[PDB]
file query-v3.txt (compact mmCIF, C-alpha atoms)
# COMPACT_ATOMS: atom_id res chain seq x y z
CA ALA A 2 21.31 17.43 12.56
CA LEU A 3 23.54 14.60 13.82
CA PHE A 4 26.32 14.33 16.51
CA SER A 5 28.96 11.63 16.74
CA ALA A 6 28.44 8.87 19.25
CA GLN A 7 31.93 7.39 19.22
CA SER A 8 35.05 8.00 17.17
CA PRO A 9 34.62 6.59 13.64
CA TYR A 10 36.49 3.66 12.13
CA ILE A 11 38.67 4.81 9.30
CA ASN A 12 39.88 2.71 6.33
CA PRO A 13 39.20 -0.49 8.29
CA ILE A 14 40.65 -3.78 7.01
CA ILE A 15 37.93 -6.11 5.59
CA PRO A 16 36.88 -8.55 7.30
CA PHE A 17 36.32 -5.99 9.97
CA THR A 18 34.95 -6.47 13.48
CA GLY A 19 34.51 -3.69 16.05
CA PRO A 20 32.56 -2.65 19.17
CA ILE A 21 29.67 -0.22 19.12
CA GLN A 22 30.13 1.68 22.40
CA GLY A 23 27.03 1.35 24.63
CA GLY A 24 25.29 -0.80 21.99
CA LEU A 25 22.68 0.12 19.45
CA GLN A 26 20.24 2.72 20.66
CA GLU A 27 17.11 4.34 19.31
CA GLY A 28 18.04 7.12 16.88
CA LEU A 29 21.60 5.86 16.28
CA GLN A 30 22.68 6.27 12.70
CA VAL A 31 25.46 4.00 11.44
CA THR A 32 26.98 5.13 8.14
CA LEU A 33 29.26 3.11 5.93
CA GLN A 34 31.09 4.81 3.13
CA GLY A 35 32.93 2.51 0.76
CA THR A 36 33.34 0.87 -2.63
CA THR A 37 31.89 -2.36 -3.94
CA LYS A 38 34.73 -4.36 -5.62
CA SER A 39 34.69 -4.57 -9.45
CA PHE A 40 33.72 -8.24 -9.62
CA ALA A 41 31.81 -8.44 -6.34
CA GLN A 42 29.44 -11.34 -5.75
CA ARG A 43 28.47 -10.56 -2.15
CA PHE A 44 29.08 -8.60 0.94
CA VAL A 45 27.85 -8.58 4.53
CA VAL A 46 27.04 -6.14 7.29
CA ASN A 47 26.19 -7.85 10.58
CA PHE A 48 24.87 -6.35 13.77
CA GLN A 49 25.76 -9.01 16.36
CA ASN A 50 26.57 -9.47 20.07
CA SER A 51 30.29 -10.31 20.30
CA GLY A 54 28.96 -14.54 14.67
CA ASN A 55 26.73 -17.00 16.53
CA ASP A 56 23.93 -14.49 17.19
CA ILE A 57 23.32 -11.94 14.44
CA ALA A 58 20.40 -9.65 15.20
CA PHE A 59 20.52 -8.15 11.69
CA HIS A 60 22.35 -9.52 8.69
CA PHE A 61 22.43 -7.34 5.59
CA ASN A 62 23.73 -9.24 2.63
CA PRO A 63 23.64 -7.85 -0.91
CA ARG A 64 24.20 -10.55 -3.55
CA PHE A 65 25.06 -9.86 -7.19
CA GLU A 66 23.35 -13.11 -8.18
CA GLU A 67 20.06 -13.82 -9.97
CA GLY A 68 19.63 -10.23 -11.25
CA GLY A 69 20.82 -8.67 -7.97
CA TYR A 70 19.04 -8.76 -4.60
CA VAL A 71 19.51 -8.20 -0.88
CA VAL A 72 18.93 -10.57 2.02
CA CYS A 73 17.83 -9.46 5.46
CA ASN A 74 17.86 -12.10 8.18
CA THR A 75 18.52 -12.95 11.83
CA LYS A 76 20.59 -15.79 13.29
CA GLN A 77 19.91 -17.26 16.69
CA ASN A 78 22.07 -20.02 18.25
CA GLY A 79 23.51 -20.75 14.83
CA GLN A 80 20.06 -20.85 13.17
CA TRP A 81 18.95 -18.66 10.28
CA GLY A 82 15.31 -17.45 10.41
CA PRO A 83 13.13 -16.84 7.36
CA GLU A 84 14.82 -14.47 4.90
CA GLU A 85 13.30 -11.21 3.71
CA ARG A 86 14.53 -10.55 0.20
CA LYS A 87 14.30 -7.17 -1.49
CA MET A 88 14.55 -8.09 -5.18
CA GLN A 89 16.65 -5.19 -6.38
CA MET A 90 20.34 -4.31 -6.23
CA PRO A 91 20.98 -0.69 -5.10
CA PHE A 92 24.81 -1.09 -5.33
CA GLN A 93 27.07 -1.25 -8.36
CA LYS A 94 30.23 -3.28 -8.75
CA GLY A 95 33.23 -0.98 -8.88
CA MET A 96 31.25 2.11 -7.64
CA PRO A 97 31.31 3.97 -4.33
CA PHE A 98 28.18 3.90 -2.15
CA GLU A 99 26.78 5.41 1.00
CA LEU A 100 25.01 2.93 3.30
CA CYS A 101 23.03 4.06 6.38
CA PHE A 102 21.37 2.10 9.12
CA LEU A 103 18.93 4.02 11.27
CA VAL A 104 17.92 2.31 14.50
CA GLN A 105 14.25 2.99 15.13
CA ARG A 106 11.92 1.66 17.79
CA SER A 107 10.47 -1.12 15.62
CA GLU A 108 12.87 -1.42 12.66
CA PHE A 109 16.26 -0.67 11.13
CA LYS A 110 15.64 1.73 8.23
CA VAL A 111 18.25 1.33 5.51
CA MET A 112 19.34 3.95 2.97
CA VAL A 113 21.62 3.56 0.06
CA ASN A 114 23.06 6.70 -1.53
CA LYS A 115 20.61 9.01 0.29
CA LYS A 116 17.49 6.99 -0.67
CA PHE A 117 15.33 4.61 1.34
CA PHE A 118 16.10 1.01 0.37
CA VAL A 119 14.59 -1.46 2.95
CA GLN A 120 13.21 -1.73 6.51
CA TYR A 121 13.77 -4.69 8.83
CA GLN A 122 11.68 -5.10 12.00
CA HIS A 123 13.56 -6.11 15.06
CA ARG A 124 13.39 -9.90 15.62
CA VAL A 125 15.57 -9.68 18.73
CA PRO A 126 16.02 -6.39 20.58
CA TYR A 127 18.58 -3.94 19.18
CA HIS A 128 19.87 -3.28 22.74
CA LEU A 129 21.74 -6.60 22.80
CA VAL A 130 23.90 -5.49 19.81
CA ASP A 131 27.37 -4.20 20.71
CA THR A 132 29.28 -5.25 17.56
CA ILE A 133 29.36 -4.43 13.85
CA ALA A 134 31.05 -6.89 11.52
CA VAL A 135 31.64 -6.28 7.86
CA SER A 136 32.99 -8.64 5.24
CA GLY A 137 32.85 -9.84 1.63
CA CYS A 138 33.59 -8.04 -1.64
CA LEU A 139 33.97 -4.37 -0.68
CA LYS A 140 36.24 -1.74 0.79
CA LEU A 141 35.36 0.93 3.36
CA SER A 142 36.57 4.52 3.71
CA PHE A 143 34.77 4.80 7.05
CA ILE A 144 32.00 3.84 9.45
CA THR A 145 30.47 6.61 11.58
CA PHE A 146 28.08 6.60 14.58
CA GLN A 147 25.70 9.50 15.00
CA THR A 148 22.90 10.49 17.31
CA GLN A 149 20.24 13.27 17.00
CA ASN A 150 20.49 13.85 20.79
CA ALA B 6 -18.35 -2.41 9.01
CA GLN B 7 -19.72 -3.62 5.67
CA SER B 8 -21.49 -6.96 5.11
CA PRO B 9 -19.45 -10.12 4.28
CA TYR B 10 -18.93 -11.78 0.90
CA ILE B 11 -20.02 -15.44 1.34
CA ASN B 12 -18.50 -18.35 -0.63
CA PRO B 13 -17.30 -15.79 -3.17
CA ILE B 14 -16.51 -17.48 -6.47
CA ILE B 15 -12.79 -17.42 -7.40
CA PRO B 16 -11.57 -15.54 -9.52
CA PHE B 17 -13.29 -12.76 -7.55
CA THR B 18 -13.41 -8.90 -7.58
CA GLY B 19 -15.52 -6.85 -5.22
CA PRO B 20 -15.84 -3.30 -3.87
CA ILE B 21 -14.57 -2.31 -0.44
CA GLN B 22 -17.31 0.07 0.78
CA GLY B 23 -15.79 3.43 1.74
CA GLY B 24 -12.35 2.20 0.59
CA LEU B 25 -9.50 1.40 2.93
CA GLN B 26 -9.16 3.24 6.20
CA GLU B 27 -6.90 2.99 9.20
CA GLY B 28 -7.88 0.17 11.58
CA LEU B 29 -9.79 -1.82 8.94
CA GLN B 30 -9.27 -5.60 9.12
CA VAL B 31 -10.06 -7.60 5.99
CA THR B 32 -10.23 -11.33 6.74
CA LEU B 33 -10.12 -14.23 4.31
CA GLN B 34 -11.16 -17.66 5.55
CA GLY B 35 -10.49 -20.23 2.86
CA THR B 36 -8.75 -23.37 1.66
CA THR B 37 -5.63 -23.85 -0.39
CA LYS B 38 -6.16 -26.23 -3.32
CA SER B 39 -4.49 -29.62 -2.79
CA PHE B 40 -2.02 -29.12 -5.63
CA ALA B 41 -1.77 -25.34 -5.28
CA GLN B 42 0.90 -23.64 -7.37
CA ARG B 43 0.01 -19.99 -6.64
CA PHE B 44 -2.60 -17.58 -5.49
CA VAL B 45 -3.15 -13.83 -5.38
CA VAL B 46 -4.77 -11.28 -3.12
CA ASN B 47 -4.77 -7.84 -4.85
CA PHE B 48 -5.75 -4.46 -3.38
CA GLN B 49 -6.59 -2.21 -6.28
CA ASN B 50 -8.04 1.17 -7.23
CA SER B 51 -10.91 0.95 -9.72
CA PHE B 52 -10.06 4.55 -11.03
CA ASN B 53 -6.72 3.36 -12.55
CA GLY B 54 -7.99 -0.19 -13.32
CA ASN B 55 -5.08 -2.58 -13.86
CA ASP B 56 -2.80 -1.02 -11.24
CA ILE B 57 -2.45 -2.89 -7.94
CA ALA B 58 -1.64 -1.01 -4.72
CA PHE B 59 -0.74 -4.19 -2.86
CA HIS B 60 -0.22 -7.58 -4.47
CA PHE B 61 0.07 -10.50 -2.01
CA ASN B 62 1.12 -13.69 -3.77
CA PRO B 63 2.10 -16.93 -1.96
CA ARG B 64 4.06 -19.21 -4.34
CA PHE B 65 4.48 -22.98 -3.68
CA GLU B 66 7.74 -23.06 -5.57
CA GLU B 67 11.36 -23.26 -4.48
CA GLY B 68 10.61 -24.16 -0.88
CA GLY B 69 7.59 -21.91 -0.67
CA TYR B 70 7.76 -18.14 -0.39
CA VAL B 71 5.47 -15.07 -0.57
CA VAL B 72 5.71 -12.09 -2.93
CA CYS B 73 4.50 -8.60 -1.97
CA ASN B 74 4.62 -5.86 -4.59
CA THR B 75 2.91 -2.94 -6.22
CA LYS B 76 1.93 -2.32 -9.83
CA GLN B 77 1.79 1.31 -11.08
CA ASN B 78 1.27 2.61 -14.65
CA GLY B 79 1.28 -1.10 -15.66
CA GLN B 80 4.74 -1.58 -14.14
CA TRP B 81 5.78 -3.96 -11.34
CA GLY B 82 8.06 -2.44 -8.67
CA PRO B 83 10.76 -4.25 -6.68
CA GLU B 84 9.41 -7.44 -5.05
CA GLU B 85 9.58 -7.99 -1.34
CA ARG B 86 9.88 -11.71 -0.71
CA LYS B 87 9.31 -13.43 2.57
CA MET B 88 11.05 -16.79 2.20
CA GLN B 89 8.58 -18.84 4.21
CA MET B 90 5.25 -20.48 3.40
CA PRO B 91 2.60 -20.08 6.19
CA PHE B 92 -0.16 -21.81 4.10
CA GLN B 93 -0.17 -25.67 3.87
CA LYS B 94 -1.73 -26.92 0.63
CA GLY B 95 -5.14 -28.68 0.90
CA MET B 96 -5.51 -27.02 4.34
CA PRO B 97 -7.88 -24.31 5.62
CA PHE B 98 -6.52 -20.81 6.52
CA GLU B 99 -7.36 -17.53 8.26
CA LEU B 100 -5.73 -14.70 6.18
CA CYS B 101 -5.87 -11.35 7.82
CA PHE B 102 -4.97 -7.87 6.44
CA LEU B 103 -4.80 -5.03 8.96
CA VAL B 104 -4.72 -1.55 7.40
CA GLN B 105 -2.40 0.69 9.38
CA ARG B 106 -1.07 4.23 9.02
CA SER B 107 2.18 3.26 7.36
CA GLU B 108 1.65 -0.39 6.27
CA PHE B 109 -0.50 -3.40 5.70
CA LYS B 110 -0.06 -5.91 8.55
CA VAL B 111 -0.63 -9.55 7.47
CA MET B 112 -1.70 -12.33 9.91
CA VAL B 113 -1.92 -15.96 8.78
CA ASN B 114 -3.63 -18.48 11.09
CA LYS B 115 -3.45 -15.98 13.95
CA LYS B 116 0.33 -15.45 13.67
CA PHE B 117 2.02 -12.30 12.41
CA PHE B 118 3.39 -13.07 8.90
CA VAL B 119 4.55 -9.82 7.15
CA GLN B 120 4.16 -6.14 6.83
CA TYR B 121 4.13 -4.24 3.56
CA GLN B 122 4.71 -0.47 3.77
CA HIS B 123 2.34 1.54 1.56
CA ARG B 124 3.92 2.75 -1.69
CA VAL B 125 0.75 4.41 -3.05
CA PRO B 126 -1.69 6.18 -0.74
CA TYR B 127 -3.95 3.51 0.93
CA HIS B 128 -7.03 5.67 0.42
CA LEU B 129 -6.89 4.84 -3.30
CA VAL B 130 -7.94 1.25 -2.61
CA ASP B 131 -11.64 0.57 -3.15
CA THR B 132 -11.33 -2.98 -4.60
CA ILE B 133 -10.25 -6.46 -3.36
CA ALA B 134 -9.41 -9.09 -6.02
CA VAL B 135 -8.74 -12.77 -5.26
CA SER B 136 -7.56 -15.31 -7.88
CA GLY B 137 -5.53 -18.58 -8.28
CA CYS B 138 -5.55 -21.97 -6.52
CA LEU B 139 -7.97 -21.60 -3.60
CA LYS B 140 -11.59 -21.52 -2.51
CA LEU B 141 -13.06 -19.06 0.00
CA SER B 142 -15.89 -19.38 2.44
CA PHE B 143 -15.62 -15.73 3.73
CA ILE B 144 -14.27 -12.21 3.29
CA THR B 145 -15.22 -10.09 6.32
CA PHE B 146 -14.63 -6.45 7.24
CA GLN B 147 -14.44 -4.98 10.73
CA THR B 148 -12.97 -1.94 12.51
call {"tool": "encode", "arguments": {"input": "query-v3.txt", "output": "structure tokens"}}
result
Amino acid sequence: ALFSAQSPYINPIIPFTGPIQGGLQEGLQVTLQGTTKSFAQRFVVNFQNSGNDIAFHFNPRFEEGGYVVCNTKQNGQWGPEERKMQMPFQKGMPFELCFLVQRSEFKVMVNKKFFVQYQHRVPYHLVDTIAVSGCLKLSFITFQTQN
Amino acid sequence: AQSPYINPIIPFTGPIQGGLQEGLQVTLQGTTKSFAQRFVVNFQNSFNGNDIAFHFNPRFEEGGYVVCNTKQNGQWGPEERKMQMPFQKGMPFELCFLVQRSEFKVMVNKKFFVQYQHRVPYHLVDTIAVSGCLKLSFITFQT
């Protein structure tokens, strides 16, 4: 059972950028509730420091049959991409998107089902910002702890 | 752990004595063919033949990348692609699979390359299959 870590962001204007109080922490659950636009090609969820360094870049693309890119950006440089070759979102449809911060990875769920993992390439502690952009809208983003 | 296969002839299929278990390292020392398009390391279960628990498949195409996947009931699941090629063609390699509780851990030339979380129980694997553009001097097993 989860408790809120910080007041949520409600109906935030895309492109959105906002602090995560105290930074990412083990057991933090970040939930995004929103709708993929009807003719969406891409969107982006970034966990960054304060766009130059992105610890975790989550980038669904409705291209080439539909797939999702996980990656990290350091000093302006993209690392090797990890692509999960399936599209768990649907243009025009609402979705629930959850990021669980674990010790060794982000676990990602889409609509209450496991979708991908992404092992930390830089520590999650240095993240104090979530940025969201691209072809979607959001009802909310929540922050929840088990503690 | 069990005794090595030595210059196994590719395409190859051999038993893994006792099957997979936690802490097992399976090592492949080999050489990528000079004009290598693709190769395949499959972990399979001889009791449902053509299924593959873990398919590891470097592809020298589109910049070089590696496919990890699973085949069940004759059906491929969603591919996990690492968009990076850690094998140079014509060059030797040390390919290393570490069986862990919740994943395969893959080391290439002594560097961590990828993990692949188990989708079917790892205990089902009693077979290693190697095919495509390479030759192999060894497959070892230790604990």
call {"tool": "closest_residue", "arguments": {"input": "query-v3.txt", "among": "A:9, A:82, A:69, A:126", "to": "residue 50 in chain A", "atoms": "only C-alpha atoms"}}
result
A:126
call {"tool": "residues_around", "arguments": {"input": "query-v3.txt", "residues": "range 19-22 of chain B", "least_positions_apart": "6", "cutoff": "12 Å", "atoms": "only C-alpha atoms", "output": "VMD selection string"}}
result
chain B and resid 6 to 11 13 29 to 31 46 to 51 128 to 136 144 to 147
call {"tool": "atom_distance", "arguments": {"input": "query-v3.txt", "atom1": "CA of residue 60 in chain A", "atom2": "CA of residue 75 in chain A"}}
result
6.0 Å
call {"tool": "residues_around", "arguments": {"input": "query-v3.txt", "residues": "residue 85 in chain B", "least_positions_apart": "6", "cutoff": "7 Å", "atoms": "all atoms listed in the file", "output": "PyMOL selection string"}}
result
(chain A and resi 86-88) or (chain B and resi 72-74)
call {"tool": "closest_atom_pairs", "arguments": {"input": "query-v3.txt", "of": "chain B", "to": "chain A", "cutoff": "6 Å", "atoms": "only C-alpha atoms", "output": "CSV"}}
result
residue,atom,partner,partner_atom,distance
B:83,CA,A:88,CA,5.6
B:84,CA,A:88,CA,5.2
B:85,CA,A:87,CA,4.8
B:86,CA,A:86,CA,4.9
B:87,CA,A:85,CA,4.7
B:88,CA,A:84,CA,5.2
B:89,CA,A:83,CA,5.9
call {"tool": "atom_distance", "arguments": {"input": "query-v3.txt", "atom1": "CA of residue 60 in chain B", "atom2": "CA of residue 124 in chain A"}}
result
24.4 Å
call {"tool": "residues_around", "arguments": {"input": "query-v3.txt", "residues": "range 64-67 of chain A", "least_positions_apart": "6", "cutoff": "9 Å", "atoms": "only C-alpha atoms", "output": "ChimeraX atom specification"}}
result
/A:41-44,90,92-94
call {"tool": "residues_around", "arguments": {"input": "query-v3.txt", "residues": "residue 140 in chain A", "least_positions_apart": "6", "cutoff": "9 Å", "atoms": "all atoms listed in the file", "output": "PyMOL selection string"}}
result
chain A and resi 12-15+34-38
call {"tool": "atom_distance", "arguments": {"input": "query-v3.txt", "atom1": "CA of residue 59 in chain B", "atom2": "CA of residue 27 in chain B"}}
result
15.3 Å
call {"tool": "closest_residue", "arguments": {"input": "query-v3.txt", "among": "B:55, B:34, B:93, B:105", "to": "residue 81 in chain B", "atoms": "all atoms listed in the file"}}
result
B:55
call {"tool": "residues_around", "arguments": {"input": "query-v3.txt", "residues": "residue 100 in chain B", "least_positions_apart": "6", "cutoff": "9 Å", "atoms": "all atoms listed in the file", "output": "short mmCIF file (atom, residue, chain, number, x, y, z; two decimals) with C-alpha atoms, in the frame of the given file"}}
result
data_model
loop_
_atom_site.label_atom_id
_atom_site.label_comp_id
_atom_site.auth_asym_id
_atom_site.auth_seq_id
_atom_site.Cartn_x
_atom_site.Cartn_y
_atom_site.Cartn_z
CA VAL B 31 -10.06 -7.60 5.99
CA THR B 32 -10.23 -11.33 6.74
CA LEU B 33 -10.12 -14.23 4.31
CA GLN B 34 -11.16 -17.66 5.55
CA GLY B 35 -10.49 -20.23 2.86
CA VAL B 111 -0.63 -9.55 7.47
CA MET B 112 -1.70 -12.33 9.91
CA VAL B 113 -1.92 -15.96 8.78
CA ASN B 114 -3.63 -18.48 11.09
CA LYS B 115 -3.45 -15.98 13.95
#
call {"tool": "residues_near_point", "arguments": {"input": "query-v3.txt", "point": "(23.6, 6.7, 14.1)", "cutoff": "7 Å", "atoms": "all atoms listed in the file", "output": "ChimeraX atom specification"}}
result
/A:28-31,103,146-148
call {"tool": "closest_residue", "arguments": {"input": "query-v3.txt", "among": "A:96, A:134, A:125, A:101", "to": "residue 45 in chain A", "atoms": "all atoms listed in the file"}}
result
A:134
call {"tool": "residues_near_point", "arguments": {"input": "query-v3.txt", "point": "(-2.8, -19.9, -7.3)", "cutoff": "8 Å", "atoms": "all atoms listed in the file", "output": "list in words"}}
result
residues 41, 42, 43, 44, 45, 63, 64, 136, 137, 138 and 139 of chain B
